[PDB]
Amino acid sequence: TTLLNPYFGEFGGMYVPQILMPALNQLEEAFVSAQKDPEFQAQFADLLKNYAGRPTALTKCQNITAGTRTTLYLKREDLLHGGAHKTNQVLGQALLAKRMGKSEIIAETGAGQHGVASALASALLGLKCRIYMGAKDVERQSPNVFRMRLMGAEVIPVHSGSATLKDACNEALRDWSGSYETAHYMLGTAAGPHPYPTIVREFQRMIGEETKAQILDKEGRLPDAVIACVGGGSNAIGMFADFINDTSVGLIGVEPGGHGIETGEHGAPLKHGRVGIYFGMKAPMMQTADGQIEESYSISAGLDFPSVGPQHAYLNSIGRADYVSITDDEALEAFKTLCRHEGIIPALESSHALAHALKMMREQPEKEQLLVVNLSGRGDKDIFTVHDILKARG
Amino acid sequence: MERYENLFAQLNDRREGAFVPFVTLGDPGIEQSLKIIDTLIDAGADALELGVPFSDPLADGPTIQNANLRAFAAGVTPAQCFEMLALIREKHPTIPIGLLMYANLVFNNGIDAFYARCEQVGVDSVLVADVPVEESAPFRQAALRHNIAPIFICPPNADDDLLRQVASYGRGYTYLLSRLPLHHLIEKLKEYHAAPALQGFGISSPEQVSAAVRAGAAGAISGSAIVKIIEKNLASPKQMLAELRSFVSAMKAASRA
Ligand SMILES: O=C(NCCOP(=O)(O)O)c1ccc(OC(F)(F)F)cc1
Ligand SMILES: O=C(NCCOP(=O)(O)O)c1ccc(OC(F)(F)F)cc1
Ligand SMILES: O=C(NCCOP(=O)(O)O)c1ccc(OC(F)(F)F)cc1
Ligand SMILES: *Cc1c(COP(=O)(O)O)cnc(C)c1O
Ligand SMILES: [Cl-]
Ligand SMILES: [Cl-]
Ligand SMILES: [Cl-]
Ligand code: NA
């Protein structure tokens, strides 16, 4: 029994071992209560404003769109404390942890970004934080590991399986199954078992709410489309949620195309994988023909979650949202374009959303269109990756 | 078929508990795995629980995670596991054979087709580790349509609602987790006419088998302890079988009246 629907159409659910169901039920109850509690809302609003720096700007990009009929705004989640949108929801989940009487946080991280977000929220709220991270990722992500340790988090290298993101997810869940009386599992995207896709959306929805108010103020209308990259689905659902009932507003999700869909070296399960059951949910997966879970590939490690949030699979199935892909080279060109023409260094994740907007503009330059790209994070972290690729290609 | 029902009736007539080893199919290779399984049976296993290697075995601890990795290193696939299952059943007509599966492997090519394949090879039960009772309907339905018992975990803190659901939905046996007093859970499951309880998780010694039976369970399942013997003796296949035989013999002896 649950308080809320765990499915979005056919997608979603609570596919966890029996022992974890009480943890999910407790979390769902606490969330439902919190959402009705003005004190919880006020505390969350206070953190978002005074600690994280909300609202974030909505920046018009005249230089990029000159000579076309595209007007392009960027929602500046890159200016949020921590440099990406992840901060919004980790602050909300940390407050849920405290609401449930918990003093400890467990989190997973791939290349370290959610680990850092989890550690910063834990440090502020006085929670003891432990982060599981694949040994392969630890070795390659010294800066993020160091950030987590500076913020007082325990970083636990995971040597099991293939020692990457999905293995870190596995170890975090195993821990939580034993420790959930005292520890909250701070899941890093709008995916996994109910109630996480719901909670993460609601703790990211201020992205779209602010964007709506800002675009009404500046343009006097709603956008023609809002465009967001999709790794697991959190920044995209946060931008999309408040516009779902505005049927004129396009919702465009951009998965990583990697080296190209036809190569199979991509991270686009929603449009190019196959529905499976894993990570506690029924959703499109990267998987072998016989059902072993595989990896996503992208130039951007942040887009490597090998599935996708169930609400995106649902919005796609009903035709409310449209999902596309952008390759490594397309993302790289968008990264360079924003740096040179607007003086903003975008995350390579966010560069995928920008790249799709640039195509929308360039393919039909006389089409009048008002577009918002969710600029989910800043790209200082990516300058070594970008340097290395540009130098190798001469 | 009626393999669990016949087994428990026979054990009851002998005032005896069941001893049920778990191994991963194809660990450390197909050939050796088939020999391991014959050894477990020859040493006195009353039933088997058999895992199909899966990329992401969330519900498994380190010993079995390592078993999965060994099976993958040997190139073991679900298709090969089903070939193994048919061969095992052909050799051993009455021993109940249960699988421990992950949902994706059941769902992958269709839930109904999965259970039909289990029926074709002569499997008796399937426990899907990451399907809680709440999500179990299509799995239980497909299982029973194909003469397969769906097995559920009963956690030791299970509330009354969960006990009633497990009692109604499960067949073959109830998997009673080691980690309320177990004897009380065992009594409630009996009151609710549940499938006979097998205690599992952390069963590594003869005294734990006897304790399970004394508490009123129908028997005990042991995995990590069996698999550790495989891991310890990888370099010596013959010694591996000798030690498996000794261990299973001791564990089975602990179940006898
Ligand atoms: O995508 C996920 N995490 C994102 C981590 O973010 P980053 O540090 O940037 O890789 C993620 C983690 C867990 C999950 O479900 C479950 F818990 F069941 F495994 C689903 C998605
Ligand atoms: O302790 C556990 N396993 C011991 C029995 O399995 P195995 O060690 O493979 O025989 C165990 C740990 C966690 C768990 O739930 C979840 F997967 F969600 F984390 C279920 C079982
Ligand atoms: O039977 C199992 N393992 C062997 C017995 O445990 P151990 O002797 O500790 O290895 C076993 C049963 C169920 C399971 O997943 C879940 F609990 F979620 F259903 C994982 C392992
Ligand atoms: C983590 C991250 C993403 C991808 O995660 P989603 O849950 O799909 O939003 C995208 N952009 C940035 C900057 C990120 O840090
Ligand atoms: Cl309003
Ligand atoms: Cl150059
Ligand atoms: Cl019932
Ligand atoms: Na993805």
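As recorded in the entry header, the structure was determined using X-ray crystallography to a resolution of 1.4000 Å.

Caption draft 1: Region of the structure containing the site of ligand 2. Inspection of the region around ligand 2 gives 13 residues, with A:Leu20, B:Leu58, B:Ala59, B:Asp60 and B:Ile64 positioned closest. Per-site note: the chains with residues close to ligand 2 are chains A and B. A distance of 3.3 Å separates an oxygen atom of ligand 2 from a polar backbone atom of B:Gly61. A distance of 3.5 Å separates an oxygen atom of ligand 2 from a polar atom in the side chain of B:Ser224. Here ligand 2 loses 78% of its free accessible area of 490 Å² to cover by the protein chains. With three residues, the single largest contributor to the shell around ligand 2 is helix α8 (residues 165-179) of chain A. Split by residue class, the shell around ligand 2 holds eight nonpolar, three polar and two charged.

Caption draft 2: Region of interest: the site of ligand 3. In the neighbourhood of ligand 3, 16 residues make up the surrounding shell, with B:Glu49, B:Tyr175, B:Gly202, B:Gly223 and B:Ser224 lying closest. Lying at an intersection of chains, ligand 3 is approached by residues of chains A and B. Taking B:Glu49, its side chain carries an N or O atom lying 2.5 Å from an oxygen atom of ligand 3. At 2.9 Å, a backbone N or O of B:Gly223 approaches an oxygen atom of ligand 3.

Caption draft 3: Broad picture of the domain arrangement of chain A. All names here are of chain A. The domains assigned to chain A are domain 1 (8-52 + 86-204) and domain 2 (53-85 + 205-390). With 38 residues of domain 1 at the contact, the number on the domain 2 side is 41 residues. For the pair domain 1 and domain 2, the summed buried area comes to about 3200 Å², and 61% of that belongs to carbon and sulfur atoms. Between domain 1 and domain 2 we count one salt bridge in total. For the interface between domain 1 and domain 2, the tally reads 23 residue pairs in polar contact. Within the residue set of the side of domain 1 that touches domain 2, elements represented by two or more residues are β2 (11-12), α2 (38-52), α4 (86-99), α5 (113-125), α8 and α9 (196-202). Taken together, the residues of the side of domain 1 that touches domain 2 break down into 18 nonpolar, 14 polar and six charged.

Caption draft 4: Structural view of the interface of chain A and chain B. Counting residues at the interface gives 30 residues for chain A, matched by 31 residues for chain B. Summing both partners gives a buried area of about 2500 Å² for chain A against chain B, and 53% of it is carried by carbon and sulfur. Sorting the residues of chain A by area buried against chain B places A:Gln18, A:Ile277 and A:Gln292 first, and these three jointly supply 26% of that buried surface. In this assembly, chain A and chain B are joined by one salt bridge. A salt bridge links A:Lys166 to B:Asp56; the nearest nitrogen and oxygen atoms lie 2.7 Å apart. Counting across the interface, chain A meets chain B through 19 residue pairs in polar contact. Listed by contribution, the elements that provide at least two residues to the side of chain A that touches chain B are α8 and β11 (274-278) of chain A. Classifying every residue of the side of chain A that touches chain B gives 13 nonpolar, 11 polar and six charged.

Caption draft 5: Focus on the packing of helix α6 (residues 111-121) of chain B against helix α7 (residues 137-145) of chain B. Residues and elements named next belong to chain B. Across the interface, α6 lies against α7 with an axial gap of 9 Å and an inter-helix angle of 35°. Two packed elements cross with a definite hand, and for α6 against α7 that hand is right-handed. Between α6, through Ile111, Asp112 and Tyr115, and α7, the contact on the second element is made entirely by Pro138, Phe139, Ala142, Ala143 and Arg145. Partitioning the contact of α6 with α7 into residue classes produces six nonpolar, no polar and two charged.

Caption draft 6: View of the nonpolar core. Counting residues in hydrophobic clusters, the biggest one holds 147 residues, and the most contacted among them are A:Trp176, B:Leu48, B:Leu50, B:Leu99, B:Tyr115, B:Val126 and B:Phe139. Summarising the domain contributions, this core has at least three residues from each of domain 1 (8-52 + 86-204) and domain 2 (53-85 + 205-390) of chain A. Counting residues in each nonpolar core, the second largest holds 25 residues, with A:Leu74, A:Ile252, A:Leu303 and A:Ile344 among its members.

Caption draft 7: Just a nonpolar patch on the surface, in detail. Residues A:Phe146, A:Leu150 and A:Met151 make up a contiguous nonpolar surface patch of roughly 320 Å² in combined accessible area. Tracing the backbone through its elements, the reader meets A:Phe146 in helix α7 (residues 142-150).

Caption draft 8: Examining the side chain of A:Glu77 more closely. Residue and element names in this part refer to chain A. Structurally, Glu77 is set in the loop between β4 (70-76) and α4. Polar contacts involving the side chain of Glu77 include one to the side chain of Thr56, which spans 2.8 Å. Look past the residues within four positions of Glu77 in its chain and what remains in contact with it is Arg54, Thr56, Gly83, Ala84, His85, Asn88, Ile207, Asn374, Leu375 and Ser376.

Caption draft 9: Highlighting the coordination of the sodium ion (ligand 8). Residues and elements named next belong to chain A. Protein coordination of the sodium ion (ligand 8) is provided by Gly231 (O), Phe305 (O) and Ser307 (O), with donor distances spanning 2.2 to 2.5 Å. Summarised as a motif, the one-chain spacing of the donors to the sodium ion (ligand 8) is G-x73-F-x1-S. Placement of the pair is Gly231 in the loop between β9 (225-229) and α11 (234-240) and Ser307 in the loop between β12 (281-285) and α13 (310-317), with a sequence separation of 76 residues. Of the two residues, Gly231 and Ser307, both sit in the buried class.

Caption draft 10: How the structure looks around the pairing of strand β8 (residues 197-200) of chain B. Residues and elements named next belong to chain B. Residues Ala197 and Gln199 line one face of β8 and the alternating positions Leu198 and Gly200 line the opposite face, and both faces are buried. With three bridges connecting them, β8 and strand β9 (residues 219-222) associate as parallel partners. Its bridge partner lying in β9, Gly200 is registered against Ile221. In this fold, the crossover linking β8 to β9 by way of helix α10 (residues 206-214) has right-handed handedness.

Procedures and definitions
- Residues numbered from 1 in each chain as written, not as in the entry; some residues may be left out.
- Chains lettered and ligands numbered in written order.
- Heavy atoms only, no water.
- Near = heavy atom within 4 Å.
- Polar contact = N/O pair within 3.5 Å; in protein donor to acceptor, adjacent residues only side chain to side chain.
- Areas by Shrake-Rupley, 256 points an atom, 1.4 Å probe, with all protein chains shown as cover.
- Helix = DSSP H or I, 4+ residues; strand = E, 2+ residues; numbered from the N terminus.
- Nonpolar A, V, L, I, M, F, W, Y, C, P; charged D, E, K, R; others polar.
- Domains from an automatic or database assignment.
- Contact = heavy atoms within 4.5 Å.
- Buried area = accessible area lost by both parts, 1.4 Å probe.
- Salt bridge = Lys/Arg side-chain N within 4 Å of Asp/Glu carboxyl O.
- Axes fitted to C-alpha atoms, helices over the stretch in contact; angles between N-to-C directions.
- Left-handed = near helix turned anticlockwise from the far one by under 90°.
- Core = buried A, V, L, I, M, F, W, Y, C linked by side-chain atoms within 4.5 Å.
- Buried < 20%, exposed > 50% of the residue type's maximum accessible area, 1.4 Å probe, protein only.
- Patch = residues over 30% accessible without salt bridge, like charges linked within 9 Å, V, L, I, M, F, W, Y side chains within 5 Å.
- Donors = N, O, S within 2.8 Å, 3.2 Å for Na, K, Ca; no water.
- Pairing = 2+ DSSP bridges.
- Right-handed = clockwise from strand over helix to strand, strands pointing away.

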